[PDB]
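Just one chain follows, in the form solved without 6-oxidanyl-1,3-benzoxathiol-2-one (VUO), and it is written as structure tokens.
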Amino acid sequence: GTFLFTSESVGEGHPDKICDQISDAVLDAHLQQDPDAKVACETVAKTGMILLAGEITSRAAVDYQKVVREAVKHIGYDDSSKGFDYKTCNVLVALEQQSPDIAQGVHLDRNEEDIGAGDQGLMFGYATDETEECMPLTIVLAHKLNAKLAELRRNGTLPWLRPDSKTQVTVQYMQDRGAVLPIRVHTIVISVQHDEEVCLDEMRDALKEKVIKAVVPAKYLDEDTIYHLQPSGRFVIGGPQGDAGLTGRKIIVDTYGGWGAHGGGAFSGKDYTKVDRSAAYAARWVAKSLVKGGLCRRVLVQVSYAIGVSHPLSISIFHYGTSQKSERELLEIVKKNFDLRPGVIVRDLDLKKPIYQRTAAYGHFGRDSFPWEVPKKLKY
């Protein structure tokens, strides 16, 4: 009854994550001035370049040079020796207004509660009782390993660290009536950009002793655990110089680490009318509410939309056999307790608030008691 499952995470200076953070820094800058900004900001990163491309209609006056550079500064790319520098990189802007054809079909002359979805699409929410925060252990540990690297970089403990990192955790689980129970950590991968002077043995020792042991409970680590620490052997070139980044290329890191499902849409750079984000957040909220409400131990929620139509086209509940109630009964409870129109979600989840840059690293879920993480008390 045992099986393996693997999830990954990346650090704040991973080039795709740089892009997500910049896209959300732009979104937040707009929302600070215009809560109703329509934002669809993609970011592209390569050696020496941040490009913004997309569509924004907003009353805000935003200094893109400043917003981009401050985001890169925060991440830690502040010198040519690190491969990227906020002070001296190129910032290029290819931003136009939102298509009038989209605007007229989605939101113009519509009551806010009755605004249409900003696009078609499908979205999933997921929750699992295997951790208190209702997230898969695999991805929680992977995120925490990247956070630990950033912490030890920023506090000067391991000053050879640079911002670009990736981690991956394989856990052995036991099946438990549709729920899953972590047993042990089978394999850990860590790759992190480093300075030219530190040797592989120093890095591997530090990664085990100061990173892994500081994050992963000893009860999960044993003589059989496999460690792949700096497995490429050399990672001096990194950030956008090593690998191009784009917004919305870490959508599984952003969500459930391979568990559950994904509808394909990216989160970062998008205001609440883009259901790719708002409906995914609401679907997480539903899933977590079902688990915290004691209705099931593990659950997947699907919703879908048509552009210009407010109400979801479909809603589906999959409980993995972890409830006494049927999936049909759970769906009825969901429909009686939630209104998944985007113009209602915005109110319930406070989605005009400029907190989005905070969501753009270390996963959008399972952290910091954002509104979608505070379960709804269900009536049934």
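Start at 1 with the first residue shown and count on from there.
Although it is not shown, the form deposited with 6-oxidanyl-1,3-benzoxathiol-2-one (VUO) bound is what the next lines describe.
Contact annotation for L207: none of its heavy atoms lies within 4.5 Å of 6-oxidanyl-1,3-benzoxathiol-2-one (VUO) in the entry with it bound.
Put simply, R277 is far from 6-oxidanyl-1,3-benzoxathiol-2-one (VUO) in the entry with it bound: not one heavy atom of it is within 4.5 Å. 6-oxidanyl-1,3-benzoxathiol-2-one (VUO) in the entry with it bound is not approached by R162, whose heavy atoms all lie more than 4.5 angstroms from it. In the entry with it bound, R367 approaches 6-oxidanyl-1,3-benzoxathiol-2-one (VUO) with a heavy atom inside 4.5 Å. Proximity to 6-oxidanyl-1,3-benzoxathiol-2-one (VUO) in the entry with it bound, defined as a heavy atom within 4.5 Å, singles out one entry of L295, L158, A147, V216, which is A147. Checking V286, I188, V140, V72 for any heavy atom within 4.5 Å of 6-oxidanyl-1,3-benzoxathiol-2-one (VUO) in the entry with it bound turns up a single hit: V140.
Comparing 217-225, 132-140, 86-94, 108-116 against 6-oxidanyl-1,3-benzoxathiol-2-one (VUO) in the entry with it bound, the single stretch with non-hydrogen atoms within 4.5 angstroms of it is 132-140.
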